[PDB]
Amino acid sequence: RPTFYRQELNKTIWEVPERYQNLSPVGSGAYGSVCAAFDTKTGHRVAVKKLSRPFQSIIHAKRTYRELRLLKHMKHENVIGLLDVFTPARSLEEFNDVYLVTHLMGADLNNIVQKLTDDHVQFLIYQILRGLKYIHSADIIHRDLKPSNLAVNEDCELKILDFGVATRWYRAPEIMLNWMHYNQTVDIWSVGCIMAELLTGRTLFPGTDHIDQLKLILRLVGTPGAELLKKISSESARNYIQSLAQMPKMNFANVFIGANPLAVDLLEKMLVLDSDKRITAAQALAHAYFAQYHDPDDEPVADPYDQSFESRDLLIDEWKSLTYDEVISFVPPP
Ligand SMILES: Nc1c(C(=O)NCc2ccc(C(=O)NCCCC3CCCCC3)cc2)cnn1-c1ccccc1
Ligand code: NA
C-alpha cells in the first residue's frame, strides 16, 4: 500500500498517493470534483476524480458501485478507461472516499464545434460509433450521449465518457417520456443529432421543453406512420401523436444543403423515428461515409458485463462493501 499526502483544494480535502503530484482543479463543477495531476509512475498527466458523498444514501452508494463497475469494464480506445482507483482507507470500516484516475482529455466537442470539415466529422463520428459498437456489445446503453460527454485530444482521438448542452436536445423521442420500450439505438439518435451539429454548427433540435422537443423532431422526421403507430402501447402517447396535424418526413438533402451526400444518407439512417429501423453502431461503421476509416478487423466488441446488480435492492453498507471489493480487486492496465 502506497504513501498518501493530504491537501485542501477549492473547499474539498484530497488524500492521494504521492505517485500523483501537482493537483490542479479543472472545469469547475462541470466534471465533478476533478483535478489534473502528474502521474510520476508513467510521466503522464491524468485526471483524479474524488466522488462526492459516495455512500450518503442507498442511491448514492449504488451509483458509486455502478460508476466503478462501468469504469473497470471499459477497455477500448474510444471509451474512457480506469487507470487507477484508490481510497486512503486501510479497511472497509474506515472506507468512505473513492478516487478515480483516468487519462486527462484535451477538450469536449461542445467546446470545439463554427463548422468542422467533412473529413473531421467522418473521423469523429467514426470513433463515436466504434466506441458505441463496443459498449453496445456489452449490453450497456449510454443514454446521455451529447457533445459535453465526448472528449477529443489535439490529435482528434475521441473518447466517450459520462460526466453525469441540454440532454433533451440529443435524446431519442421514444425515451423523451414513458421510458418502458427502447433499445441501444437511443444512442444512435444522439449520434445523428451530434453529427448534424458538427456538420452545420447548429443544434439540430434545440427544444425549450419535452413537448417543444418532440415538435422540432417530428418537423424533420415526420409524424409516425401507420407501422410505427401500431407499436405504441401508451394510450396517452398515442392520443398525443394522433392529435397532431400530420407532417411529412423532410428530404434531408433539402435540410443539410451542401453536405456530403453520404453524410446526409447516414443521418437519414440514424434519425429514423422507428427505433426498430434505426441503424445500429456496427451497421453504421460499414456505411460508405466511413470508407476512409472502417476496418472490420479493428472494431472490437466488449467482454460481457454483468449488470445483474441493477435489479438488486441492498442496504448502504452492502453497496459500500461491494464497492470496496471492486477497489481491492482493481488490476491496473499494463
Ligand atoms: N474532466 C476530465 C476528466 C475526468 O473528469 N476524469 C474522471 C472521470 C471519471 C468518470 C467518468 C465517466 O465517464 N464515468 C462513467 C463511466 C462509464 C460510462 C463511460 C461511457 C460509456 C457509458 C458508461 C469520466 C471521467 C478527464 N479528462 N477531463 C477533461 C475533459 C475535457 C477537458 C478537460 C479535462
Ligand atoms: Na439521450
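Chain by chain, residues are numbered from 1 following the written sequence, and this numbering need not agree with the entry; no residue without coordinates is displayed. Chain letters start at A and ligand numbers start at 1, both assigned in the order the entries are written. Processing note: side-chain calculations cover all non-hydrogen atoms of the structure and skip hydrogens and water entirely. Residues with missing side-chain atoms are left out of burial classes, side-chain pairs and their counts.

What to know about the overall build of the protein
In terms of helices and strands, the protein carries 10 helices and 10 strands. Note that the radius of gyration is over C-alpha atoms, with the globule rule given as 2.2 Å times the number of residues to the power 0.38. Taking 20 Å as the expected radius of gyration for a compact globule of 334 residues, we find that the protein reaches 22 Å, a close match to that expectation. Going along the chain from the N terminus, every DSSP run of H or I of four or more residues is numbered as a helix, and every run of E of two or more is numbered as a strand.

What about the nonpolar core?
By size, the foremost hydrophobic cluster in this structure holds 86 residues, and its most contacted members are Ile125, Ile128, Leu129, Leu132, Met195, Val221 and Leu271. Element by element, the count of residues in this core is highest for helix α3 (residues 186-200), at 10 residues. By size, the runner-up hydrophobic cluster in this structure holds 14 residues, among which are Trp14, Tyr20, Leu83 and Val101. In plain words, nonpolar cores are sets of buried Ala, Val, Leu, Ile, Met, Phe, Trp, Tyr and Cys residues tied together by side-chain atoms within 4.5 Å. Each residue is assigned to one of three classes by its accessible area relative to the maximum for its type, calculated with a 1.4 Å probe on protein chains only: buried under 20%, partly exposed between the two thresholds, exposed over 50%.

Here's the deal with unusual backbone geometry
With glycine set apart, most residues show a phi of negative sign, and most peptide bonds adopt trans. A positive phi angle, near 65 degrees, is found at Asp139, a position not held by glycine. Considering the arrangement of structural elements, one finds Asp139 in the loop between α2 (118-137) and β9 (150-152). A positive phi angle, close to 70 degrees, is found at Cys156, a residue other than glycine. Mapped onto the elements of the fold, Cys156 is located in the loop between β9 and β10 (158-160).

Focus on the UniProt feature "active site" in the protein
UniProt positions are given in the numbering used here, feature names are shortened, and annotations may be inferred rather than shown by experiment. The feature "active site", as annotated in UniProt, sits at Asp162 in this numbering. What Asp162 contacts, discounting residues up to four positions off in sequence, is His142, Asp144 and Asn149. Here the side chain of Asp162 touches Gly164 through a polar contact of 2.8 Å, landing on its backbone nitrogen. In what follows, residue pairs with any heavy atoms lying within 4.5 Å of each other are defined as contacts. Within 3.5 Å is the distance limit for a polar contact, defined as a pair of N or O atoms, with the added protein rule that one can donate a hydrogen and the other accept it, and that residues adjacent in sequence qualify only through two side-chain atoms.

Some remarks on the coordination of the sodium ion (ligand 2)
For Na, K and Ca the donor cutoff is 3.2 Å, while for all other metals N, O and S atoms must lie within 2.8 Å; water is not among the atoms, so some sites may look incomplete. Donor atoms from the polypeptide that coordinate the sodium ion (ligand 2) comprise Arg143 (O) and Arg171 (NE), at 2.6 to 3.1 Å from the metal. Judged by its relative accessible area of 38%, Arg143 falls in the partly exposed class.

Here's the deal with the pairing of strand β5 (residues 44-50)
The buried fraction of β5 amounts to five of the seven residues, a majority that puts the element mostly inside the structure. Strand pairing follows a simple DSSP-based rule, namely that at least 2 bridges must link the two strands. When strand β4 (residues 34-39) meets β5, the two strands line up antiparallel, connected through six bridges. Across the sheet, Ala36 pairs through a bridge with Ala47, a residue of β5. Between β4 and β5, which follow one another and run antiparallel, lie four residues, and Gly43 among them has a positive phi close to 70 degrees. Pairing analysis gives five bridges linking β5 to strand β7 (residues 99-103), with the strands arranged antiparallel. Bridging from a neighbouring strand, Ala47 pairs with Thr102 of β7.

Topic: the site of ligand 1
Looking at ligand 1, there are 20 residues lining it, with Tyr31, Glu67, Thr102, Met105 and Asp162 nearest. Note that a nitrogen atom of ligand 1 is positioned 2.9 Å from one of the side-chain N or O atoms of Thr102. A distance of 2.8 Å separates an oxygen atom of ligand 1 from a polar backbone atom of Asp162. For the area figures, the Shrake-Rupley method with a 1.4 Å probe applies, and any residue is considered shielded solely by the protein chains shown. In isolation ligand 1 exposes 730 Å². Once the protein is present, 95% of that is buried. Listed by contribution, the elements that provide at least two residues to the shell around ligand 1 are β5, α1 (58-73) and β7. Here the element with the most residues in the shell around ligand 1 is α1; it accounts for three residues. Consider each residue's heavy atoms; a residue with any of them within 4 Å of a molecule or strand counts as near.

Focus on helix α4 (residues 210-221)
Between the first and last residue of a helix there are one fewer steps than residues, each counted as 1.5 Å, and that sum is the expected span. In a regular helix each residue adds 1.5 Å, so 12 residues correspond to 16 Å; α4 covers 16 Å between its end C-alpha atoms and thus fits that length. When α4 is considered as a whole, its buried residues turn out to be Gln213, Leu214, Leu216, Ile217, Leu218, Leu220 and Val221. Close packing links the buried residues of α4 with α3, α6 (235-243) and α7 (252-255). Between a side-chain oxygen at the N-terminus of α4 and the backbone nitrogen of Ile211 the separation is 2.9 Å; the capping residue is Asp209. Two residues or fewer after α4 comes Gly222, characterised by a positive phi angle close to 85 degrees.

A closer look at the sheet that holds strand β3 (residues 20-25)
Pairing is antiparallel across the open sheet formed by five strands, whose spatial order is β3-β4-β5-β7-β6. Among the strands making up the open sheet, the edge pair consists of β3 and β6 (84-86). With direction set aside, neighbouring strand axes in the sheet form an average angle of 25 degrees. Pairing between β3 and β4: four bridges, direction antiparallel. Lines fitted to C-alpha atoms define the axes here, with helix axes fitted over just the stretch in contact, and angles between the N-to-C directions of these axes take values from 0 to 180 degrees.

Some words on the side chain of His136
With respect to the element layout, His136 can be found in helix α2. If we ignore the near neighbours within four places in the chain, the residues touching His136 are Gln184, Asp187 and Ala281.

As for α3
With 15 residues, α3 ought to run about 21 Å at 1.5 Å a step, and its terminal C-alpha atoms sit 22 Å apart, in line with that. Burial within α3 is extensive, with 14 of its 15 residues counted as buried.

A closer look at the sheet that holds strand β8 (residues 107-108)
In spatial order, the strands read β8-β9-β10; together these three strands make up an open sheet with antiparallel pairing. The two strands at the open ends of the sheet, each matched to only one other strand, are β8 and β10. Most of the contacts of α2 go to β10, to which it runs at about 35 degrees, and overall it touches β9 and β10.

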